[PDB]
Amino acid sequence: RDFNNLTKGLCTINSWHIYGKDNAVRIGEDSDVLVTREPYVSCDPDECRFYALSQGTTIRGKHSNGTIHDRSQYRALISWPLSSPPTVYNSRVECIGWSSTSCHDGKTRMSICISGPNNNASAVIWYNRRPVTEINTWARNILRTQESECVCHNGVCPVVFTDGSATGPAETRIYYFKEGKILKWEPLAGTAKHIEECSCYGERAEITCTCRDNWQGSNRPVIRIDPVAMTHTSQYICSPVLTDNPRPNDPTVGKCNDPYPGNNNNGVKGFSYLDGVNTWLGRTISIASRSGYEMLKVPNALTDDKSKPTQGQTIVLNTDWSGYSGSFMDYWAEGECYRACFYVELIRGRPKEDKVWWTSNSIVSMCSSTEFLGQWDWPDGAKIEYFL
């Protein structure tokens, strides 16, 4: 086993095909399914798995009451087989905490969980299923990380962390890990003014992350990382196709180097694939809430402040709930190019559906096709009324 290297480009994305779906809320209506949120997908060389933050109770369990809260001592990063639900009996605990990331470097897996109180959180970096490095909070304000997979190149796996205000300037750092040890870290550079929850992918020896400016931006910040030099910059997606949520209506011209204004102090984790004409952006269909989800092909979105969609695909109808969304690729598939993939978290329960006392989610995930495939929509599918 050698470290994996990012030697391929992205396949041409002409549509999205179904990859995985776990139906966890439907099935967990009458089986021992854990309450989760903040899910993602990540591949090893011989298997791809679903990941999420457990809340340490099943959904039918009485302890599901109160699970709208983000951060407790009962949370852990869990993983489980692709498209199965996260059950008590099949879920494997990666580490303990309420913010995470995880990636395989070709030889073994690194998993990072942050736990603690808001003013005293710490990250523990696990490598080959043992704890190796720990990092203490630097700004004493909810140390937090990507909530989707990291990416490695020749052993170097950069990770984006943020510590500080959600509604003001914060202190974002890029840590470059290798075998779980810190090679280097840098403070955020470039023009992004606030960073959270970066969604990353790797192609041709470069790692691109699409993040959430929680403070001011409804355009998404982008961090581009060179994992060999161990350097980065940041900017925003130029495109007037705005992809955060909540957000104002789309203008005609976006902003490349500043937050696009109109909504403050709020947002959602999301992603994009930024590859010249082969660029696809994800977003909720609603400008106001986490409902619906679409993919739009927006040629040169990253660099063209007037780019608009040339194609699209509905993933979730606007009459169905969505949530966080994020990128991953199977870096160990055969063939000449990396096939872009993503998941969407389908959040159920509170706050939008408050007749139940819980919040949970299921997962749908697609990967790209070079065909122009017909679309379906992929909702969570559970009837909240069955839980009453």
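From 1 onward, residues are counted along the sequence shown.
95-103 and 305-313 differ in mean CA B-factor, and the higher of the two is recorded for 305-313. Judged by mean Cα B factor in the deposited record, 247-255 ranks above the other of 77-85 and 247-255. Taking only the listed residues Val132, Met110, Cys152, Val277, the entry reports the highest CA temperature factor at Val277.
Among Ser42, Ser362, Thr319, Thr57, the highest C-alpha B-factor in the deposited entry belongs to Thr319. Annotation for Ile13: C-alpha temperature factor in the middle third relative to the rest of the modelled chain, per the entry. Sorting the modelled residues of the chain by their CA temperature factor places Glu38 in the lowest third. Placement of the Cα temperature factor of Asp330 within the chain: lowest third of the modelled residues, per the deposited record. In this PDB entry, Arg348 carries a Cα temperature factor that places it within the middle third of its chain's modelled residues. When the CA B factors of the chain's modelled residues are split into thirds, the value for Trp215 lands in the highest one.
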